[PDB]
Structures are given as C-alpha cells and as structure tokens.
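Structure record follows, encoded as structure tokens.
Bear in mind that the values in this text are calculations on the coordinates, not laboratory data. Positions of Cβ are generated from backbone atoms using ideal geometry, with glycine treated the same way; all protein chains shown enter the neighbour counts.
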Amino acid sequence: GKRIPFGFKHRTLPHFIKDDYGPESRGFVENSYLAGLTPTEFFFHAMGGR
Amino acid sequence: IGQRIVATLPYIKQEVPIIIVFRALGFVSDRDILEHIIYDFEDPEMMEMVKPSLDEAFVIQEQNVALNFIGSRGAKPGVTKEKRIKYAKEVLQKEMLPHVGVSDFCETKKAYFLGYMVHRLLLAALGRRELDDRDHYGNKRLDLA
Amino acid sequence: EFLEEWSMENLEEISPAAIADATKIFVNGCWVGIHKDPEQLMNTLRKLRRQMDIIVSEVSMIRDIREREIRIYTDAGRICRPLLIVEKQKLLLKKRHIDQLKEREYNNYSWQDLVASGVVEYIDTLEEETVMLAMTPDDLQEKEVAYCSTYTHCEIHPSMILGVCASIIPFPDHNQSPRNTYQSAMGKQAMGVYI
Amino acid sequence: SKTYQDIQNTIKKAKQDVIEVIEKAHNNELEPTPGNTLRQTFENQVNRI
Amino acid sequence: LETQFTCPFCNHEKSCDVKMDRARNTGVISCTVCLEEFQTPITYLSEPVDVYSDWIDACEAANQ
Amino acid sequence: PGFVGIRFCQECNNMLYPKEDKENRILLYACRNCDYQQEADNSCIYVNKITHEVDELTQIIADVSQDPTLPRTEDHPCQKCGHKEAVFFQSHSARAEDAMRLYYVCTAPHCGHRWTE
Amino acid sequence: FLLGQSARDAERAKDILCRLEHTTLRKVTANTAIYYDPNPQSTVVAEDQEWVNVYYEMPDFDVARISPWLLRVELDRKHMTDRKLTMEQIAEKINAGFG
Amino acid sequence: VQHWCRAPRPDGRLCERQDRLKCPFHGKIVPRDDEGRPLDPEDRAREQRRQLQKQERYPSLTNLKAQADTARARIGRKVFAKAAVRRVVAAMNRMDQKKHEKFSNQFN
Ligand SMILES: [Zn+2]
Ligand SMILES: [Zn+2]
Ligand SMILES: [Zn+2]
Ligand SMILES: [Zn+2]
Ligand SMILES: [Zn+2]
C-alpha cells in the first residue's frame, strides 16, 4: 500500500541519488505494456507482482 | 527505571552488567571505561544514557572482585576460588569475541570492540543510526559446497 | 600488512582522545586500527585492487561516510557482479579493448586481461550502497539537466539481471510479471533434448 | 499519434506538479492536514496527483 | 543458577540454604544437618551462589 | 536550561555523585568511592526535553560532501567561502522523520560550511 | 453520536472531544528539571523570580516545612490550549492526587 | 485574562492574581469591586459562610508510627506500588513505540 520502499540507504536502487522522492524513483511506471518497461520499472513491477 | 545495559556472555549462566565486564578486563576506573565507550565527551545525551548502567554496578570496583562476580556464575557452584577466577579469565579470553583474538593480552582489543558494540547500541537507542534490516543481502552470506 | 606500512595506527598504541575525529578501520569485522585521512586511503586501496596488486579482485571495500568507518571484507560467501568503471564522465573501456577482444581467439586477450587492466570491477551487494551506477553510457552524456553527473560505474547490460529460465522469455518487458514467473516455472517442464 | 501525444502531455503535467510539491516541502511551505503528519500528508498529495 | 549447595563440612548435598535479609544487607547460609551457619554482607547484586562462595573462602582461609 | 554533564573524581576518576551539605545548605559533588568532595556549579541535576528539539547541524559531518550518491545543486552559493556548488539532503533521524527540510553543506575542500533553510 | 446543537457546530463537538480524550501530564509538558533551591526568595533561575517572590512572601504555605529540593516544569502554549486547558485545573489535580 | 482575584488580603491589599477560573489562595474567583466586595450579594454571602466554616474548623520511647505517619512515607507508598510502576513502564514502552516509529520511508 505504500510506494516502493528505500531498501538501499535512502535509495530505492543505486541508479538514483539519495533522498529522491520523484515519481520515477519510488516506482511510477510511465509506460504501457506495449511500449516496454525500462529496467527499473521492470524491477519495481516485479516487486509488486511478488 | 533508568535504562541499564547488560551482556549475555557464553557459558555464564546469567546476564551480567557490562560495566562489570569492563572491570573484569582490567579497565577499572570509570573514566577509562567511558574512554572506550564514548569516543567524544561532549554529547551529553549519550552520557546520561550511560549513567544508569554505570551506577548499577558501582559496588564491584576491582578486577579480581569482578572476576569473582563473573566466575561465581559458570561451571559448578562449589569450587575453589582460584578455579573460579581461572574460569572467568578463560571465558573472557577464549570464548568472548574470538574473532577479535583468542591469544592472551588481547584485552585492549577486546575492550575496544566491546565498547564499539555498546556505542552502536547507544546510537540505535538515541536514533542516530537505523536498526539493521535482516533481509538486506549485504548482511547475508551464501554458503556454498 | 599493507595497512601497517601505510599510516594506520594500530589500536593498542592510541590515546582514546584521538578516535573522535579519525576514521575507524575494520578488516573482516575486527577493529584493526584507525586512520586520519580516509579518502586518500580509499583511493590508494581501490587503485591497488584495480592493478591486481596484493588486494585480490573479490575484496569488498566500503566507506561509511556519515559515520566514520571503513570496512574491508575478504570472507567467503559474498555475492558480486562485474560493472564498468567510469572516469570523470567517461568509461575506461575504449575501443582498443573491443578490438583486442574481437579476436579473443588469437591474442588470448581474455576476460582476465580485461579485469587486470582496471576496466571492470566486481562490486558486491554492500559496496553497492556507495556507488552511483549509470544504467547505460547515455546517462553519462551531459544532459540539459544533468541528473547526477558524478557517476562511478555502469551496467554492462541491464538484461543480465535475469536468470537461466527467465532469460528465455522474449520481450519480457511487455509482459505482466506473474506471467514471467509462471513461464520461468514451466520452462523447467518442457520436453526437449536434455543431454 | 494524437492520443499518444495527449497521454504524454498528461504524464509530463503530472510529473511537473509532483516536482512542485516536492520543492514546496523542501522550503517548509507545506503544512499538515488534520490527523496526519507532514510525511503522510506529503505522500497522500503525491499519490493523489 | 540454583540455590541449594553441598554443606562444606558434613558433605551432605543440597543441605545448605540461604536467607537474604535485603533490609540489613546480610545473608545467612546454614547447614540443616550440622547446623553450621555462616554470616556475611550482601549487596543488591549478590546472589546465593555469591554468598555460598564467600563461605568456602572463609572456610579455607581460616583453615590455613 | 542546557544539558548537564558528569564530572569525575580526582583520585578515582569515578563519577562524582551529588548530595547536599545540610548544615550549609549548599550543593556538593562527592565521591561515593573515595572520600573526595567538591563544590557544585549548576544547582540543577536533571533535565528532560519532552519535545526533543534537537538541531541536526551538530550531527552533520563536513565530510559528507564527498558522496557521489548524494545530490549536488548549483543554486545555493556558499555563504562562507563563496563557492558555487553545495550538496544537500534530508534529516533522516528518528523523531525527525517529519519536516522534509533540507540541510546544505559546501562542497569546496576545507571550507566545510554548513547551513539550512 | 452527538445529541444537541453539538451535532451542527464544530466548536461544541471539539469541546466534547477534548472532554473524552485522555490527557496525561506528559502530553502538555515541555521540559522539566530538578533544581537545588534552598532559598525560594532567591531562585537559581532569573525569569521565574518575579512570580516566585509574588507567591512566597505571603505565608499561606509554610517556608520552614519546605525542603530545599525543587521540581520545575515547563508547559508549552499550543499544546496547553489545544485541550482548552489552564494551569488552574492542573494545580487542582496535583492537589487532589497527592493531597 | 482580565478579571483579578481581588480578594482582601491580610495586609489590606487586594489580590492581583490573573487566574482564569480560581484563585489558589481565595478559592473560586468571583467578580469583586474596587474595594474587594463581590458584586453579587449572594456570592458575598456564600464566601462569608465558607470563611466562617473555615474559621470554625511508653511515651518516653520512640514510636515507630512516626516514620510510618509522615508525608514522605505516604508518597513513597503511593509511588512505589506495583500498579504504579507497571503504569510507568507501560507509558515508557509507548514512548519506545514512538521511537520505533522513527523509520518511515526505509525498510524499518
Ligand atoms: Zn553440614
Ligand atoms: Zn574517587
Ligand atoms: Zn563553503
Ligand atoms: Zn488571590
Ligand atoms: Zn487567594
């Protein structure tokens, strides 16, 4: 029920800078299933499905 | 109802106030112990976090007394004194924190490491660091053939 | 041993007044010394590792910075993966290397010569907490609003975050995730030639 | 293509508003709603956007 | 930890028991069989096994 | 108010517990262990901040400017050394999770100036 | 469910609210300290000395019985008002409980 | 806080205390004139009645009850009760519950 959690040290992943509260950083997928998903959206989507 | 820190050593039948475990390692005066636990004497809050535990065991003030105190817990009740102090010394060297060292005269190392353990605990309680996550894989080791 | 040759100050030789500002140093969890200039020590050591010097490749090396510890691991069981190393804003992997690998079968310029030349680096789950990964060498390109602009590593390719059965799925990123998980589980029941 | 452009424009709008909200909160310009702390109000507003 | 100890003198196991008078900071250990009785101060950390081990040293020390 | 710190004996180095000199009605710091005695200075013995009004600037260490993982911004020039670039970040401590206020630190070598907004 | 006009206006409802909710002293205290004051006429603290000497000169309560040891407690305003509350009632309660 | 206690003090002065509801030294605050008489005659009669009611109302060896019969013993009995310490421990554990709530965004 919450956005993706900060599992690294104030980072959702090591591709983002620290204390990043943007929509991309916490797991907003701005793509359709027909446009693909960029690798970080793929990982966050995996977490939700799990 | 002040917070009182204690340690659970291996092969000692009861919990033990940590300040005792510092006495039994030969750092007898109070200030020498707070040199090893509190790496900076300016933060008052951690000092009054440590005060209660430094009161809890004001009674035991010398290395051999604390070694008695520890070894009285342990193997079998009715045992001579010298065996009791040998027991406590054997524990605090061989069994407690081996990775720091099993050889003798590893007591300044052992005291610094135990002070580190307590420092980390006090930060966790004052909130200056986050509680360790269990499912972080940095903390885990895969155990191959 | 190398640390002793450097300006490490072993622990049984310190006045406890000094620890306040210095940086601690743990080698496999054992508080081994202290040091006064951390960053130079870290750069020295990472350089030594990058040269295949005394520090073997699989030696994780973290630097907690808010708290003042440096931690070095050599134990067994840690998991790690190779990444590309980044200069200021540029990979160290030039086309010299691609040229020499392309004839990997004549020059015997293998992968080992590629780690040996300070181009890839094994970074493990705990040292990742302190890197900044470019997903692809385009993140390096100076953007209109440079996102981070101080990257440390790159991914070799994003698609190597998948496994042996999930690497069969074609276009896995157009699928909903439980679909990919079932296919992973049904690709192990599929009659073929097993040997 | 027209509806693709609509969709992209809506997404750009939404991300811009979320950036605005963030920098408000960075300037101490955001004030909690009744029954909710600052973290929770911040999160609730971003999720609503 | 346990509380009943072999009498150091009559060698009867579990025949010694202790009374910790926390009011006076003094604990007594008494052998029911031989009626031997040992008195000694206690502090708020002390336990029966600590008291007992004062007795043994008192026995040996006087037996020197 | 201000917090109150411990002070140690000069024979034992043990912590000097307080008590009162009733016949003089003045505060003495004494040693439970040795028989050393000292005359006090505070006249206060205990303090609790129920609100927990801790300022994080003390917790900040000027070395955090080295982090590559940590945001860099050009807009806020350093007040002290006049440098252009400075890192910034959240509070990130228990009892301080609210208040997404930012803390700024200069990124010049050996300037180490820190401030807030 | 509120019964009377409290159903309609918010203020009456909030009154009833604060009259249900439990409010121990911690919730309405800023900070406390245990001073050593032998002489009430001369507090260690300065900012309190005014109302101090306003109280201690009139001998409704004995000065001889008083011990030199002190509690001083700080109340913060916005909390203090949220429960629509005043030091009179807290004084009253402390009288009631310990006598 | 406008109205003043204004009760007649023994020194002839009127109280200047700014209490919202009650004077700690004169009970309930009633509105008084410049010379301290309550404006309401009924309130004055009630105050007079209350004042009248208030005005109306082995020996050589030590007695152990002297220690048992003292304020300090009473307070010690009250505070050092198993119920009281249990409530104290419960409240302090709820304090611990808040400092457990000091990890919002991350895993904790
Ligand atoms: Zn016997
Ligand atoms: Zn002393
Ligand atoms: Zn600067
Ligand atoms: Zn009055
Ligand atoms: Zn009055």
Point to revise | Rg followed by Dmax, in Å, when the protein assembly as shown is reduced to its Cα trace | key: 35.2, 119
Point to revise | Cβ-derived FRET efficiency at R0 22 Å, residue C:75 paired with residue B:145, nearest 0.05 | key: 0.85
Practice item. Would you mind counting up the charge near residue H:48? Only other residues with Cβ under 15 Å from its Cβ, with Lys and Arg at +1 and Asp and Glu at -1. Key: +3
Check your understanding: With each run of n ≥ 4 DSSP H residues scored as -39500 (n - 2.57), what mean residue ellipticity at 222 nm is computed for the protein assembly as shown after dividing by its residue count and rounding to the nearest 500 deg cm²/dmol?
Key -> -9500 deg cm²/dmol
Review point. Which FRET efficiency value, to the nearest 0.05, is calculated for residue C:112 and residue F:101 with the Förster distance at 45 angstrom and r the Cβ-Cβ distance?
Key: 0.35
Study note, to complete from the structure: Per-residue Cβ contact counts at 10 Å, fewest first, order E:16, H:15 as H:15, E:16
Point to revise | Overall dimensions of segment F:1-87 by Cα: Rg and Dmax, Å | key: 22.6, 66
Review point. Using the eigenvalues of the Cα gyration tensor, what equivalent ellipsoid semi-axes result for chain C when each is taken as the square root of five times the eigenvalue, whole Å, largest first?
Key: 38, 22, 20
Practice item. Among H:39, G:85, C:133, rank each residue by its count of other Cβ atoms within 10 Å, from fewest to most, as a rough exposure measure. Key: H:39, G:85, C:133
Review point. Amide H to amide H under 5 Å from residue F:93: which residues, 5+ apart in sequence or cross-chain, H placed 1.01 Å off N in plane?
Key: none
Practice item. Please work out the ratio of the alpha-carbon Rg of segment G:6-99 to 2.2 N^0.38 Å and round it to two decimals. Key: 1.39
Practice item. Take the alpha-carbon centre of segment H:23-89, take the same for segment F:46-81, and report the distance between them in whole Å. Key: 52 Å
Review point. Averaged over peptide B:124-131, how many Cβ atoms belonging to another chain are found within 10 Å of each residue's Cβ?
Key: 6
Check your understanding: With each pseudo-label sitting 7 Å past Cα toward Cβ, what's the residue B:75-residue G:65 distance in nm, one decimal?
Key -> 6.3 nm
Point to revise | Shielding by partners - mean other protein chain Cβ count within 10 Å, residues of F:38-46 | key: 4
Point to revise | Helix axis angle, C:177-186 relative to chain C longest principal axis, alpha carbon, degrees | key: 70 degrees
Point to revise | Per-pair calculated FRET efficiency, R0 = 41 Å: residue F:62 and residue A:35 via Cβ, rounded to 0.05 | key: 0.35
Check your understanding: Using unit Cβ charges (K, R positive; D, E negative) and no other charged atoms, how large, in debye to the nearest 20, is the dipole of the protein assembly as shown about its Cα centre?
Key -> 2880 debye
Study note, to complete from the structure: In degrees, nearest 10, the alpha-carbon axis of helix D:2-26 is tilted away from the dominant principal axis of the alpha carbons of chain D by 20 degrees
Check your understanding: What net charge do the residues around residue F:91 carry, taking every other residue with its C-beta under 9 Å from that of residue F:91, with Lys and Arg at +1 and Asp and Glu at -1?
Key -> -2
Point to revise | Residues with amide H under 5 Å from that of residue G:74, placed H, sequence gap 5 or more | key: G:30, G:31, G:32
**Study point:** About the Cα centre, charge dipole magnitude for chain C (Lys/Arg +1, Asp/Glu -1 at Cβ), debye
**Key:** 800 debye
Point to revise | Ordering of C:4-10, B:53-59 by packing [mean C-beta count within 10 Å, highest first] | key: B:53-59, C:4-10
Practice item. In nm, give the distance between the simple-model label positions of residue D:33 and residue D:48, each being 7 Å from the Cα along the Cα-to-Cβ direction. Key: 0.4 nm
Point to revise | Cα centroid separation - segment F:1-41 against segment B:1-80, whole Å | key: 22 Å
Check your understanding: Counting only other chains, what is the mean number of Cβ atoms within 10 angstrom of the Cβ of each residue in peptide F:97-104?
Key -> 6
Practice item. May I have the pair-distance distribution P(r) for chain H, computed from all Cα-Cα distances with 5 Å bins from 0 and rounded to whole percent? Key: 2, 9, 10, 11, 7, 5, 8, 11, 12, 11, 7, 4, 2, 1, 0
Practice item. Post the alpha-carbon centroid distance, segment F:92-117 to segment C:77-113, in whole angstrom. Key: 39 Å
Check your understanding: For residue C:121, which sequence-distant residues (separation of 5 or more, or a different chain) have an amide H within less than 5 Å of its own amide H, given hydrogens modelled in the peptide plane?
Key -> C:83
Practice item. State, to one decimal in nm², a quarter of the convex hull surface area for the C-alpha atoms of segment F:4-48, i.e. the direction-averaged projected area. Key: 3.3 nm²
Review point. What is the distance, in nm, between label points placed 7 Å from the Cα along the Cα-to-Cβ direction at residue G:30 and at residue C:171?
Key: 6.7 nm
Practice item. Calculate, in whole percent, how much of the Cα-Cα pair population of chain E lies beyond 18 Å. Key: 30 percent
